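Sequence first, structure after; it's an experimental one.
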Amino acid sequence: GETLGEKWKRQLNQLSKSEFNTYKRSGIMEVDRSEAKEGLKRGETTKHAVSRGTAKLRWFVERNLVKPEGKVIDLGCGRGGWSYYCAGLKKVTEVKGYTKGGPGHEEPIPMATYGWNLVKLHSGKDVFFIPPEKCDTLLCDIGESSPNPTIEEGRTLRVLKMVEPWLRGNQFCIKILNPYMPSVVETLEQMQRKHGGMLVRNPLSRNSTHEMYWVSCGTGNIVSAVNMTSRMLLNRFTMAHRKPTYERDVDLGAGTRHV
Ligand SMILES: C[S@@+](CC[C@H](N)C(=O)[O-])C[C@H]1O[C@@H](n2cnc3c(N)ncnc32)[C@H](O)[C@@H]1O
Ligand SMILES: OC[C@@]1(O)OC[C@@H](O)[C@@H](O)[C@@H]1O
Ligand SMILES: [Cl-]
């Protein structure tokens with residue numbers, strides 16, 4: 001009597017490599033990253049978003065699902081995609097990004113995109129072990145995938161326990177790696193009651209992950225959101241019209257900001 005999400009995961013893990021590669025992009029929204037990738041390889045530091053993450057966060061911001069403002073803390077900042085984007089938003093006054101260093105983990109990329117001077121990224125900073133800090137906006141994009149959904153479940157619950165102390169009177173956008181397991185749904189219901197917001201599927205996410213984001217603005221039934229996302233993902237395995245929808249990548253400009 002598994003959840004629809006569990007049914008999706010078992011089916012995903014049964015795909016061949018070619019099937020997986022076709023499925024992951026079927027009918028998704030996608031930014032053309034060729035130009036940014038080539039530029040970044042050449043050491044270019046203006047205009048380019050450092051990752052696909054900038055476009056993901058832009059989608060939420062454009063729809064007023066999160067409204068970054070004041071002091072922004074970005075947990076699991078990686079290369080800095082979310083941080084460099086927030087740096088260009090009018091209401092943002094400072095951005096601090098923290099990420100885990102080490103082999104196999106992405107390190108921050110120094111960039112000169114608009115508002116770069118308001119951003120301080122720091123590697124070698126495992127957020128599970130640091131004290132929470134006051135901020136006006138809390139972003140978190142942590143959650144490592146695994147073919148084992150119980151491992152993802154444990155990762156998601158650990159992230160949720162970790163972020164809660166950082167939430168008080170502030171905007172937020174937090175990745176929920178595995179939102180479909182019963183303990184996670186229940187945890188999310190409790191945290192939504194305590195801190196508000198809603199759970200949303202980003203159309204730029206690949207079909208190979210069931211990730212959803214808990215955003216501070218709006219409200220909605222979490223069980224419905226999760227189940228409708230699971231149904232969509234299950235239905236995409238045998239999608240008749242699977243062409244992705246392409247959008248231009250984000251241009252983050254250049255120059256310092258004065259607040
Ligand atoms: C998907 S990425 C971030 C993408 C980012 N939002 C962007 O737009 O470029 C998640 C990052 O969180 C980092 N991470 C994982 N566990 C962490 C921890 N305990 N503390 C800090 N960072 C962590 C990973 O190394 C990875 O770089
Ligand atoms: O509502 C916020 C809070 O009180 O929730 C319970 C724990 O997570 C605390 O660390 C956290 O500050
Ligand atoms: Cl609803």
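Received, thanks. Numbering: from 1, shown residues only. Ligands and ions are numbered 1, 2, ... in the order given.

For residue 85, what are phi and psi?
Torsion angles at residue 85 (phi, psi; degrees, to the nearest 10) stand at phi -70, psi -50.

Can you report how many residues neighbour it?
28 (other Cβ atoms under 10 Å). In this view, the C-beta of every residue, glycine as well, is placed from N, C-alpha and C.

just so I have it, where are all the helices in this protein?
4-13, 17-25, 34-41, 53-62, 81-86, 149-163, 182-195, 222-235 (DSSP state H).

Quick one, which of those helices gets closest to residue 202.
Closest to residue 202 of the helices of the chain is helix 53-62 (Cβ to Cβ; 5.4 Å).

Next, the angle helix 34-41 makes with the closest one.
Helix 53-62 and helix 34-41 are oriented at 130 degrees to each other (axes from the mean of the first three to the mean of the last three Cα atoms, to 10 degrees).

Give me the contacts around helix 53-62.
Defining contact as Cβ atoms under 8 Å, 6 or more residues apart in numbering, one finds that helix 53-62 is touched by 29, 31, 49, 66-68, 78-79, 81-82, 84-86, 89, 139, 141, 173, 200, 202-205, 213, 215, 247, 249-250, 252.

what about 6 Å?
Applying Cβ atoms under 6 Å, 6 or more residues apart in numbering, the contact partners of helix 53-62 are 31, 66, 81-82, 85, 173, 202, 204, 250.

how distant is that helix from the center of its chain?
Taking Cα atoms, centre = their mean, to the nearest Å, one finds helix 53-62 lying 9 Å from the centre of the chain it belongs to.

And that helix, what's buried?
By neighbour count on 16 or more other Cβ atoms under 10 Å, the buried set for helix 53-62 is 53-61.

what's the closest of those residues to residue 256?
Closest approach to residue 256 among the buried residues of helix 53-62 (Cβ to Cβ): residue 54, at 19.0 Å.

separation between the closest one and residue 87?
Distance of residue 54 to residue 87, given as Cβ to Cβ, to the nearest Å: 11 Å.

Greatest separation within the buried residues of helix 53-62: which pair is it?
By the measure Cβ to Cβ, 53 and 61 form the most distant pair in those, at 12.4 Å.

How many residues are close by the nearest residue in space to residue 75 that is not next to it in sequence?
Leaving aside its chain neighbours, residue 75 sits nearest to residue 140 (4.0 Å; criterion: Cβ to Cβ, 6 or more residues apart in numbering). By other Cβ under 10 Å, the residues close to residue 140 number 26.

ok, now how distant is the residue lying closest to residue 150 once chain neighbours are set aside from ligand 2?
With sequence-adjacent residues excluded and distances taken as Cβ to Cβ, 6+ apart, residue 150 is closest to residue 181, at 7.9 Å. From residue 181 over to ligand 2 the distance is 20 Å, taken as Cβ to the nearest ligand atom, to the nearest Å.
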